[PDB]
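Protein chains in written order, with the working numbering: chain E, 1 to 91; chain W, 92 to 182; chain P, 183 to 753; chain C, 754 to 845; chain A, 846 to 851; chain Z, 852 to 958; chain V, 959 to 1054; chain H, 1055 to 1151. Note that CB positions come from ideal geometry on N, CA and C, so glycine has one too.
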Amino acid sequence: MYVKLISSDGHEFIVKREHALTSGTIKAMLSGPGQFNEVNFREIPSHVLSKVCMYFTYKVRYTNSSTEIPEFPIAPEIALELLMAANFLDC
Amino acid sequence: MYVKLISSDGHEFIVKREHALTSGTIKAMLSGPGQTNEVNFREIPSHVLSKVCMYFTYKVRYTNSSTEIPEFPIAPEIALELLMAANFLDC
Amino acid sequence: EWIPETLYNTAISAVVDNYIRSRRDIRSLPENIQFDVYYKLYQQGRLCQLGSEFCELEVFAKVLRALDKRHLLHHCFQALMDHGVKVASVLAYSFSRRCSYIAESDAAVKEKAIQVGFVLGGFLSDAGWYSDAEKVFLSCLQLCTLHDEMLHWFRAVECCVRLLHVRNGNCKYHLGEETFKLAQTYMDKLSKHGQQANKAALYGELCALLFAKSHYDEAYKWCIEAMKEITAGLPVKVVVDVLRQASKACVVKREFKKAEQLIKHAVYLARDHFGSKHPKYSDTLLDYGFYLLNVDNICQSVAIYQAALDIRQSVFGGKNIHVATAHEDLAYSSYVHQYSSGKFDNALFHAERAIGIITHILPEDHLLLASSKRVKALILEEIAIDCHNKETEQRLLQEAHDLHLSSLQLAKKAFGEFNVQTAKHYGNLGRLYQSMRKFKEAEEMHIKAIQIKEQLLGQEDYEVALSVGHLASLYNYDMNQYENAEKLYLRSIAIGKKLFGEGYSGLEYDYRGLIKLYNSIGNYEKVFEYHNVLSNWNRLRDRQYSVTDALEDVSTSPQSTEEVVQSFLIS
Amino acid sequence: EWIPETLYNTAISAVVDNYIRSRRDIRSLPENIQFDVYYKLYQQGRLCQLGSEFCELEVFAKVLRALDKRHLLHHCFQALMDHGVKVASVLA
Amino acid sequence: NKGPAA
Amino acid sequence: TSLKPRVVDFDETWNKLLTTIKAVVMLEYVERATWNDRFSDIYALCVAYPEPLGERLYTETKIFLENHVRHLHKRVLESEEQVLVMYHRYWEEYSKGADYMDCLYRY
Amino acid sequence: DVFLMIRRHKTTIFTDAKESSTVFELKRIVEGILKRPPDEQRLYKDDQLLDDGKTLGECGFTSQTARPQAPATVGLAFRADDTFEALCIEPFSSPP
Amino acid sequence: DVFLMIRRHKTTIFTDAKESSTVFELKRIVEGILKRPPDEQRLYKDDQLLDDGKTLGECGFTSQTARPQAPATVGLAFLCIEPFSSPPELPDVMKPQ
Ligand SMILES: [Zn+2]
């Protein structure tokens, strides 16, 4: 059930399927003939992909939440690179 | 009657005398002990001087031109160095 | 219910707050990423950083390819033009500067410039900056006339159709004729070399230029010529532009049946592809409301202009020429709607905005001021009549008197003495001089307005009938020669019921004129009859006047693209 | 009648069109030129482009030493305040 | 009545 | 090798894309590494420099499927008396494959 | 809830639990991922010894300092050749 | 009028001649600087020798290609044309780094 995400340098970022499916790209990356769990990213490096997995847990449980949601912290240097991978991951 | 012009790379730019009256600095080369008159113009390279004396033919022909004067094309890459000669030569 | 922000939107605000350090590398982002960075700068109000990169042609080239979010680029582009920096002027100059540098270069690099020129020139034409779109189009036209190839004349004709569009809105009608003649040079050359270029959009632009110069006979001739060459394979923007300007020529030709089937389909077709909040849709409503303004559809003519202005206001920011023209029609629509009530409160405010927007962006001698200042002067005329204080009346009439002649002079220079618009101002001055107590000058103005407008339009026209009514209303009160107005008034009712029926707004002041004429000489056998006519007038139009707008009137159209074209052409 | 444009005025039009690719290179030019480059910014209407060149005290000092055209400089410095950029607040 | 059409 | 925009040749990337996309429709086993890579090349083509190869990709996949169904229509047409079993034989290999290709071209 | 970045070499195991949850039962989550015995791995919470028992309440990090916006990390390694390997976690990369 | 430049090794002559001007008479202008006979020198546009009888307009040096902004070029021999220099290249900025 758990989905393993591998970045460009090979560092893997295993994470739950339910939190992953909030991204349209990874929904359309595991689906089709890739159903076989295991996906790989040729372009995405690890440091930005670590932040994306950090965002995956943030989205699911803060959805339709009654309390005030704290802002998502993004590093100023990672901000440009994470934005570039935002549309590609569609999340 | 003929005014020479040497460059950094040794390129020769012998041109007509009255085409050089636009820039007063060239007249300073002819003035003094300079009076073809030998001139040293080492600090300014040949490729940018290929447009400096090029402007002279454009300048003299269009003096009080009845038709509308087309603009003199100055390439963006050579824009920085040519503007150096414009202030130096007062042209 | 506190939906968390998307990581796409969250990362946008993460780089905007660090814009200065990463300013260079933002230009390396993808186009979909790049636009949202800039749109966030406008949303944060950092227009200076937003304007710090739109002044470059290359940066604005990538941004222009966000076709879905073009409606947001227009709202940001207008914000910069109200912010200060003339991003329209520098982009046009920068493009024209780089355009001449590839004249001796290959056609591979050259063809990219025309593609850049059309998207940028089309955008500025959409944004309204016609004075800067012309310099863009003149540069790309120059490239198309350097190397003789079959594709080069295929796009040179595409420049002249849009060159003639940026000169129709800029009131450069004198140079408009030359562009059409220049267009025929490449158009005929392409036709000889086995390529019959489509003369639909190019002939469609004369449906507005000749319409603007009041060449209704020539415009309607070119209305038929433009409508023939339409094709289902044409772009929808091209098709809807033909229908709008073809419908306008029919309204002034005193033909109403074939005009509504054209313009309603133009409204329907524009709303379908583009939407209800697109600039092209609002451009149709102003032309559509022109039909409603002349067919005495006065109740919804104000609403359709009010709807048209709100579309442009939601997309075209603040001080934009298109908003002013939208302000212009709504200002005049309320002028005729509030005529009996006298509630010219928003009428002047729209008119005041119409002066305010144009004077900031157009030169003081531009002809669009003459059209704009005319309606505001008409607002000032009726306001002074309604006001009780005579000291206020004597000042506002002179202020309106200032605007008409300043407007008339601009019309005289660009249109010539013998034109409808110059005679249109003569009719306004005659009514103005009635309020100015210059009755002898009013008589001179009215006879000028009726010996010139009727001379070229003909004995039967809508505006000629009104011009008679202005002088008919004169002899009733100031001159007191009721015999002159007896024949004049009889002409006003005569033309009124040919097309507008009995229940026309101008005929109310015409039937009342006959009773007032008859009341002076003691005639009463017609006063009792014409009192029953007013009772018939008071009911019959109000019998069929119930509230009904025009956006649901058109609704879905059973008529298709071809069902409208052939019906108008054969008839 | 229709005098040809000066080579200095023609070259100043070349750099200003190339401003984005040569913004960082313009700070090394002589003090008698940098004013003209930033003046051509204002003449063309580049109010927002000019704000990034006067909010910096390092480059504004070189412009300040061009006191021959101080009457033109007073107009540009006043233009940005009406434009919206608080160059005086940033300079202080 | 009101005025000429623009 | 990052996802930054870059200039990429279209012929070589399409040819490497053509192998898997020929098997995504008309279902066939495709390697794990291919599916991850064949989604990356779509981003690399739509975000190509200096002009996005999205118009070319859309009109070349369309002409790819133009030569797919037409080549598939010939086989069904020549299979007389068994068109019904043959029509569904490839429709299940295509309708799912169409969603399979829609899955790949999400960006 | 308390969130962790338990990791080993290339692994970046992502998981969540309660504030009063036992540290031991988190090893069952790892058992369901890499299919390893719970005693196979050793938890090096901030390069120091962490007992197999205890609980997440007094482990050394609570819900406030281990939010999903910034969860904390715990070292891990498997016992190879009957010897517990030391922590071998590495940084992801060094972006400019 | 036709404007053009000639380069033998490093020289450059910015002279002007009519569109109907021939080749023989312009060598006298060249003789005034190089002090070389006109028959000895030969000029070469686009790797092609120019005859003395034909004019400047009969060989392709027309007004549009010989503008006073970017004139046409032609070689000279008695080809050893030296390029002027390599301008410092400018980063595209818009190009990703
Ligand atoms: Zn600003």
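Those residues having their beta-carbon less than 7 angstroms away from any non-hydrogen atom of ligand 1 are, in chain order, P/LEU229, P/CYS230, P/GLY233, P/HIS265, P/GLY266, P/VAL267, C/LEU800, C/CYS801, C/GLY804, C/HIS836, C/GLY837 and C/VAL838. The alpha-carbon separation between P/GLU407 and P/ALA365 amounts to approximately 16 angstroms. Contact annotation, P/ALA243 with P/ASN214: C-beta distance approximately 15 angstroms; criterion of less than 8 angstroms not satisfied. Here P/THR466 is buried. Its C-beta has 16 or more other C-beta atoms within 10 Å. Judged by DSSP secondary structure, H/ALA1126 falls within the beta strand (DSSP E) whose first and last residues are 1126-1131.
For P/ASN528, no beta strand (DSSP E) encloses it; the enclosing alpha helix (DSSP H) starts and ends at 527-543. The beta carbon of P/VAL348 sits closer than 7 angstroms to the beta carbons of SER307, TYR312, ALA315, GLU316 and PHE319 from its chain, once the five residues preceding and following it are set aside; these are given in chain order.
Scanning W/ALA176, W/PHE132 and W/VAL139 for the CA closest to the CA of H/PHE1138 turns up W/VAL139. For P/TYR712, no beta strand (DSSP E) segment is defined; the enclosing uninterrupted segment is the alpha helix (DSSP H) at 709-726. When secondary structure is reduced to three states using DSSP, E/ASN40 falls in the strand class. At a cut-off of 7 angstroms between beta-carbon atoms, H/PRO1145 makes no contact with chain P. Scanning its chain for C-beta atoms nearer than 6 angstroms, with the 5 sequence neighbours on each side dropped, one finds around P/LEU562 the residues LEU578, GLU581 and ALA582, in chain order. For P/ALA261 against P/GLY499, the beta-carbon gap comes to about 5 angstroms, under 8 angstroms, which counts as contact. By the Cβ neighbour-count rule, V/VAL960 is buried, with 16 or more other Cβ atoms within 10 Å of its own.
In this structure, W/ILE105 lies near H/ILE1087, with their beta-carbon atoms less than 7 angstroms apart.
Taking a C-beta distance under 7 angstroms as the contact criterion, P/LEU722 and P/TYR712 do not qualify as a contact pair.
A straight-line Cα-Cα distance of about 22 angstroms links P/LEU491 and P/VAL433. Each of P/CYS342, P/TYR355 and P/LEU392 was checked against the Cα of P/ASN380, and the nearest Cα belongs to P/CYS342. Leaving aside the five residues that flank P/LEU585 on each side, the residues in its chain whose CB is nearer than 8 angstroms to its CB run, in chain order, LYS555, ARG556, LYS558, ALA559 and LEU562. Two segments are said to touch when three or more pairs of C-beta atoms, one from each, lie closer than 8 angstroms; by this definition the stretch 800-817 of chain C touches the stretch 266-277 of chain P.
Residue environment: P/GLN482 is assigned as buried (16 or more neighbouring CB atoms within 10 Å of its CB, all protein chains considered). When the beta-carbon positions are compared, W/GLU129 and H/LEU1144 stay at least 7 angstroms from each other. Leaving aside the five residues that flank E/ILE44 on each side, the residues in its chain whose CB is nearer than 7 angstroms to its CB run, in chain order, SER7, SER8 and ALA85.
For V/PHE961, the enclosing beta strand (DSSP E) starts and ends at 960-962. Interface with chain P (7 angstroms Cβ-Cβ cutoff): W/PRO164 is included.
By the Cβ neighbour-count rule, W/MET92 is exposed, with fewer than 16 other Cβ atoms within 10 Å of its own. Out of W/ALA170, W/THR154, W/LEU112 and W/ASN131, the CA that lies nearest to the CA of W/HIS102 is found in W/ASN131. Counting every other CB atom within 10 Å of its CB across the protein chains shown gives E/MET29 a total of 16 or more, marking it as buried.
For Z/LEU868, the CB contacts under 7 angstroms within the same chain, skipping 5 residues up- and downstream, are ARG889 and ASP892 in chain order. Those residues of the stretch 268-285 of chain P placed with their C-beta closer than 7 angstroms to a C-beta in chain W are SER282 and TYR283, ordered along the chain. Excluding its 5 nearest sequence neighbours in each direction, V/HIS967 has C-beta neighbours in its own chain below 6 angstroms: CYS1046, listed in chain order.
Per DSSP, reduced to three states, the secondary structure at W/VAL94 is strand. The beta-carbon distance between E/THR25 and Z/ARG921, rounded to whole angstroms, is 32 angstroms. This is too long to meet the 8 angstroms contact definition. Against H/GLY1114, chain W offers no close residue; the least beta-carbon distance is about 20 angstroms (beta-carbon pairs closer than 9 angstroms). As a beta-bridge residue in DSSP terms, H/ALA1071 pairs with H/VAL1056. Under DSSP, H/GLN1102 forms a beta bridge with H/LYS1099.
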